[PDB]
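What follows is a short report on a single structure.
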Amino acid sequence: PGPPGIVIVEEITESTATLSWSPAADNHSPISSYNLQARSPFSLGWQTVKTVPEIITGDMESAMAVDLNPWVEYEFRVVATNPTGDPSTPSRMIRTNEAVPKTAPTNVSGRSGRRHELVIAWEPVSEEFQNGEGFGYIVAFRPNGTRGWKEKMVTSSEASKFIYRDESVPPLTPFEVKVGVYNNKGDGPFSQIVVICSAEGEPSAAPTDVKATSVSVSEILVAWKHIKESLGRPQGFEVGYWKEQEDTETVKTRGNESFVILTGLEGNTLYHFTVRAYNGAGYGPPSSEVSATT
């Protein structure tokens, strides 16, 4: 089956393009069907798309591509099949119509700041999900257990954080925090409400270099790379040990120490360990699971 000659894009919407094509030369074999294919600037390559109708039969010369994203540039091409040949030269470049944003940012977090600063951060939203011009974020926050929302219009699609300075706020005050989206077509969804402390973000990276080697038969030592402690910002570590599922024992360190010895264990017994950092905002990500046997 040869290649379709031209691909005409006839109608365009928020999430739909409708397109037709002059047929493909069947090589003495009745074309079973056509597949539609699309490519945006964010596509790694061409891909077959959902269509209307669902199957495009051999005698059809037009169909509708579905579930496109608003305000994305698409290019289309068509490929025939008989018991599957070459694809067409691509259609013109179109760009679907603008819509309201539909996709709020992920990873809404607190970061550390100055004593009386509430630092809210998030992962920005890519061009392919802004659904229109004039994309920005909307940060909304309130002391935890308070009704009125303070809000701020962050007007840069590339912004990943926002700072609020209030001296009345003592450090480590929990806020309810929302981050939403908008563009010139209007208002989008808010993220889920996260609760994050003022002044200090949770520890950001796991302990590393976690080694565990046994010491006796009642004892075994676990040690990790030392992390520097800021002044006036206490840190510690929690070490989880088990022999069974992780969900079954913890020990905390003496301030910022980078090792512990575990006593009162059983002899000739294989243990497993993970380590995570804690400060005044909570716990950081747990480390890589290590082990050793008494």
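In the structure tokens, the first chain shown is A, the next is B, and so on; residue numbers restart at 1 for each chain, and ligands run from 1 in the order shown.
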
Checklist line | Residue contacts of segment 65-67 of chain A (10 Å, only C-alpha atoms) excluding same-chain residues fewer than 6 positions away, as number ranges by chain | finding: A: 12-19, 36-38, 48-54, 76

Please dump the current selection as a PDB file, in the first residue's frame; keep N, CA, C and O atoms.
```pdb
ATOM      1  N   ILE A  12     -10.708  22.432  13.540  1.00  0.00           N
ATOM      2  CA  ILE A  12      -9.796  22.464  14.695  1.00  0.00           C
ATOM      3  C   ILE A  12     -10.492  22.947  15.954  1.00  0.00           C
ATOM      4  O   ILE A  12     -11.202  23.964  15.937  1.00  0.00           O
ATOM      5  N   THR A  13     -10.274  22.246  17.059  1.00  0.00           N
ATOM      6  CA  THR A  13     -10.883  22.663  18.316  1.00  0.00           C
ATOM      7  C   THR A  13      -9.888  22.716  19.504  1.00  0.00           C
ATOM      8  O   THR A  13      -8.705  23.017  19.353  1.00  0.00           O
ATOM      9  N   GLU A  14     -10.393  22.430  20.690  1.00  0.00           N
ATOM     10  CA  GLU A  14      -9.590  22.418  21.896  1.00  0.00           C
ATOM     11  C   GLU A  14      -8.809  21.119  21.965  1.00  0.00           C
ATOM     12  O   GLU A  14      -7.685  21.078  22.469  1.00  0.00           O
ATOM     13  N   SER A  15      -9.398  20.057  21.434  1.00  0.00           N
ATOM     14  CA  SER A  15      -8.886  18.714  21.664  1.00  0.00           C
ATOM     15  C   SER A  15      -9.199  17.812  20.493  1.00  0.00           C
ATOM     16  O   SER A  15      -9.236  16.585  20.625  1.00  0.00           O
ATOM     17  N   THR A  16      -9.455  18.434  19.350  1.00  0.00           N
ATOM     18  CA  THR A  16      -9.870  17.720  18.162  1.00  0.00           C
ATOM     19  C   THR A  16      -9.312  18.399  16.925  1.00  0.00           C
ATOM     20  O   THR A  16      -9.326  19.636  16.819  1.00  0.00           O
ATOM     21  N   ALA A  17      -8.800  17.578  16.010  1.00  0.00           N
ATOM     22  CA  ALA A  17      -8.581  18.005  14.638  1.00  0.00           C
ATOM     23  C   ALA A  17      -9.269  17.011  13.714  1.00  0.00           C
ATOM     24  O   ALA A  17      -9.212  15.795  13.913  1.00  0.00           O
ATOM     25  N   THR A  18      -9.940  17.535  12.707  1.00  0.00           N
ATOM     26  CA  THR A  18     -10.594  16.690  11.734  1.00  0.00           C
ATOM     27  C   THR A  18      -9.833  16.813  10.420  1.00  0.00           C
ATOM     28  O   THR A  18      -9.525  17.927   9.974  1.00  0.00           O
ATOM     29  N   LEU A  19      -9.508  15.686   9.800  1.00  0.00           N
ATOM     30  CA  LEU A  19      -8.690  15.760   8.605  1.00  0.00           C
ATOM     31  C   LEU A  19      -9.024  14.701   7.552  1.00  0.00           C
ATOM     32  O   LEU A  19      -9.518  13.619   7.874  1.00  0.00           O
ATOM     33  N   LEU A  36      -4.245   7.145  11.877  1.00  0.00           N
ATOM     34  CA  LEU A  36      -3.852   8.544  11.979  1.00  0.00           C
ATOM     35  C   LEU A  36      -2.618   8.712  12.875  1.00  0.00           C
ATOM     36  O   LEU A  36      -2.501   8.041  13.900  1.00  0.00           O
ATOM     37  N   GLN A  37      -1.708   9.606  12.496  1.00  0.00           N
ATOM     38  CA  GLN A  37      -0.522   9.864  13.304  1.00  0.00           C
ATOM     39  C   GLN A  37      -0.264  11.350  13.507  1.00  0.00           C
ATOM     40  O   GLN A  37      -0.550  12.158  12.619  1.00  0.00           O
ATOM     41  N   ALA A  38       0.300  11.696  14.668  1.00  0.00           N
ATOM     42  CA  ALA A  38       0.481  13.093  15.084  1.00  0.00           C
ATOM     43  C   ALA A  38       1.857  13.375  15.674  1.00  0.00           C
ATOM     44  O   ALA A  38       2.512  12.476  16.235  1.00  0.00           O
ATOM     45  N   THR A  48       0.400   7.063  16.646  1.00  0.00           N
ATOM     46  CA  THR A  48      -0.994   6.882  16.241  1.00  0.00           C
ATOM     47  C   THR A  48      -1.915   7.460  17.317  1.00  0.00           C
ATOM     48  O   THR A  48      -1.621   7.351  18.514  1.00  0.00           O
ATOM     49  N   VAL A  49      -3.016   8.082  16.893  1.00  0.00           N
ATOM     50  CA  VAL A  49      -3.896   8.787  17.822  1.00  0.00           C
ATOM     51  C   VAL A  49      -5.282   8.152  17.877  1.00  0.00           C
ATOM     52  O   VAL A  49      -5.678   7.438  16.954  1.00  0.00           O
ATOM     53  N   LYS A  50      -6.004   8.396  18.970  1.00  0.00           N
ATOM     54  CA  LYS A  50      -7.410   8.006  19.054  1.00  0.00           C
ATOM     55  C   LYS A  50      -8.155   8.713  17.937  1.00  0.00           C
ATOM     56  O   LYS A  50      -7.839   9.860  17.603  1.00  0.00           O
ATOM     57  N   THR A  51      -9.128   8.029  17.346  1.00  0.00           N
ATOM     58  CA  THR A  51      -9.840   8.596  16.211  1.00  0.00           C
ATOM     59  C   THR A  51     -11.358   8.508  16.346  1.00  0.00           C
ATOM     60  O   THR A  51     -11.891   7.796  17.200  1.00  0.00           O
ATOM     61  N   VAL A  52     -12.042   9.263  15.493  1.00  0.00           N
ATOM     62  CA  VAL A  52     -13.487   9.175  15.348  1.00  0.00           C
ATOM     63  C   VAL A  52     -13.781   9.022  13.862  1.00  0.00           C
ATOM     64  O   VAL A  52     -13.452   9.907  13.072  1.00  0.00           O
ATOM     65  N   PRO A  53     -14.376   7.886  13.465  1.00  0.00           N
ATOM     66  CA  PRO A  53     -14.778   6.768  14.331  1.00  0.00           C
ATOM     67  C   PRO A  53     -13.587   5.982  14.872  1.00  0.00           C
ATOM     68  O   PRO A  53     -12.447   6.344  14.582  1.00  0.00           O
ATOM     69  N   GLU A  54     -13.846   4.930  15.643  1.00  0.00           N
ATOM     70  CA  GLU A  54     -12.771   4.236  16.358  1.00  0.00           C
ATOM     71  C   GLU A  54     -11.787   3.532  15.413  1.00  0.00           C
ATOM     72  O   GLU A  54     -10.567   3.702  15.522  1.00  0.00           O
ATOM     73  N   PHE A  76       0.074  16.352  11.266  1.00  0.00           N
ATOM     74  CA  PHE A  76      -0.557  15.054  11.074  1.00  0.00           C
ATOM     75  C   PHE A  76      -0.127  14.348   9.810  1.00  0.00           C
ATOM     76  O   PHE A  76       0.244  14.974   8.816  1.00  0.00           O
TER      77      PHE A  76
END
```

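With only C-alpha atoms as the basis for measurement, A:240 is the residue among A:4, A:41, A:240, A:170 that approaches residue 275 of chain A most closely.
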
Checklist line | Residues within 8 Å of residue 239 of chain A, only C-alpha atoms, excluding chain neighbours under 4 positions, as number ranges by chain | finding: A: 250-252, 273-276

If you keep C-alpha atoms, can you produce a file of those selected residues as an mmCIF file, in the first residue's frame?
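The result, stored in out_26.cif:
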```cif
data_model
loop_
_atom_site.group_PDB
_atom_site.id
_atom_site.type_symbol
_atom_site.label_atom_id
_atom_site.label_comp_id
_atom_site.auth_asym_id
_atom_site.auth_seq_id
_atom_site.Cartn_x
_atom_site.Cartn_y
_atom_site.Cartn_z
ATOM 1 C CA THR A 250 13.505 2.977 65.489
ATOM 2 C CA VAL A 251 16.364 4.766 67.237
ATOM 3 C CA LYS A 252 17.267 8.468 67.116
ATOM 4 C CA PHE A 273 18.484 -0.885 58.055
ATOM 5 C CA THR A 274 17.346 2.373 56.507
ATOM 6 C CA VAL A 275 18.274 5.830 57.713
ATOM 7 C CA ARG A 276 16.401 9.102 57.357
#
```

Can you tell me which residues surround residue 94 of chain A at a distance of at most 8 Å, considering only C-alpha atoms, apart from same-chain residues fewer than 6 positions away, and format the answer as a compact mmCIF listing (two decimals) with N, CA and C atoms, in the first residue's frame?
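And here's selection28.txt as it stands now:
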```
# COMPACT_ATOMS: atom_id res chain seq x y z
N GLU A 73 0.91 22.78 19.30
CA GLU A 73 1.08 22.68 17.85
C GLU A 73 1.14 21.22 17.40
N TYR A 74 0.26 20.82 16.49
CA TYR A 74 0.29 19.45 15.98
C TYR A 74 0.50 19.41 14.47
N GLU A 75 1.11 18.32 14.02
CA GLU A 75 1.29 17.98 12.61
C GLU A 75 0.73 16.59 12.39
```

Next item on the list: Mind the document's chain letters and residue numbers, and return as a PyMOL selection string the residues of segment 116-265 of chain A that DSSP labels strand (DSSP E or B).
Entry: chain A and resi 117-123+136-143+150-154+161-165+174-183+186-190+194-197+211-214+220-223+236-242+250-252+259-262

Check: Could you name the residues that touch residue 164 of chain A at 12 Å or less, counting only C-alpha atoms, but leaving out those on the same chain fewer than 2 positions away, as JSON, numbers by chain?
Finding: {"A": [110, 111, 113, 114, 115, 116, 117, 118, 119, 120, 121, 139, 140, 141, 142, 150, 151, 152, 161, 162, 166, 167, 168, 169, 175, 177, 198, 199]}

Output of the above residues as an mmCIF file, in the first residue's frame, restricted to C-alpha atoms:
```
data_model
loop_
_atom_site.group_PDB
_atom_site.id
_atom_site.type_symbol
_atom_site.label_atom_id
_atom_site.label_comp_id
_atom_site.auth_asym_id
_atom_site.auth_seq_id
_atom_site.Cartn_x
_atom_site.Cartn_y
_atom_site.Cartn_z
ATOM 1 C CA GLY A 110 8.105 24.023 51.928
ATOM 2 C CA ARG A 111 11.720 25.060 51.660
ATOM 3 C CA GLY A 113 14.105 30.352 54.587
ATOM 4 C CA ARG A 114 14.767 33.139 57.081
ATOM 5 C CA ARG A 115 13.223 33.022 60.575
ATOM 6 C CA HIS A 116 9.957 34.720 59.641
ATOM 7 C CA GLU A 117 9.564 33.493 56.076
ATOM 8 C CA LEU A 118 7.086 31.030 54.665
ATOM 9 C CA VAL A 119 8.708 29.463 51.651
ATOM 10 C CA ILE A 120 6.459 27.593 49.267
ATOM 11 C CA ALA A 121 7.878 25.733 46.272
ATOM 12 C CA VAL A 139 -0.581 30.574 45.673
ATOM 13 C CA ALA A 140 -3.071 30.361 48.485
ATOM 14 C CA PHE A 141 -2.237 29.862 52.137
ATOM 15 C CA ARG A 142 -3.653 30.313 55.637
ATOM 16 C CA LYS A 150 -4.325 34.782 51.640
ATOM 17 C CA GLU A 151 -3.501 34.600 47.934
ATOM 18 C CA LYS A 152 -0.808 35.713 45.523
ATOM 19 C CA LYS A 161 8.711 29.236 44.515
ATOM 20 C CA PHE A 162 7.100 32.043 46.484
ATOM 21 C CA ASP A 166 5.608 38.084 58.277
ATOM 22 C CA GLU A 167 7.344 38.898 61.584
ATOM 23 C CA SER A 168 4.238 37.939 63.616
ATOM 24 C CA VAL A 169 4.713 34.373 62.398
ATOM 25 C CA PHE A 175 0.264 26.452 57.053
ATOM 26 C CA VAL A 177 -1.034 25.683 51.309
ATOM 27 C CA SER A 198 7.350 28.192 58.055
ATOM 28 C CA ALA A 199 11.102 28.974 58.183
#
```

Item checked: Counting only C-alpha atoms, the residue of A:109, A:291, A:258, A:230 that sits nearest residue 242 of chain A ->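 Among A:109, A:291, A:258, A:230, it is A:291 that comes nearest to residue 242 of chain A.
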
Next item on the list: Write out as a list in words which residues come within 8 Å of residue 261 of chain A when counting only C-alpha atoms, dropping same-chain ones fewer than 4 positions away.
Entry: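 Residues near the query, excluding close chain neighbours: residues 219, 220, 221 and 222 of chain A.
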
Checklist line | Test item: residues at most 12 Å from residue 130 of chain A, only C-alpha atoms, excluding those fewer than 2 positions along its chain, as a ChimeraX atom specification | finding: /A:69-72,97-105,124-128,132-137,156-158,180-189
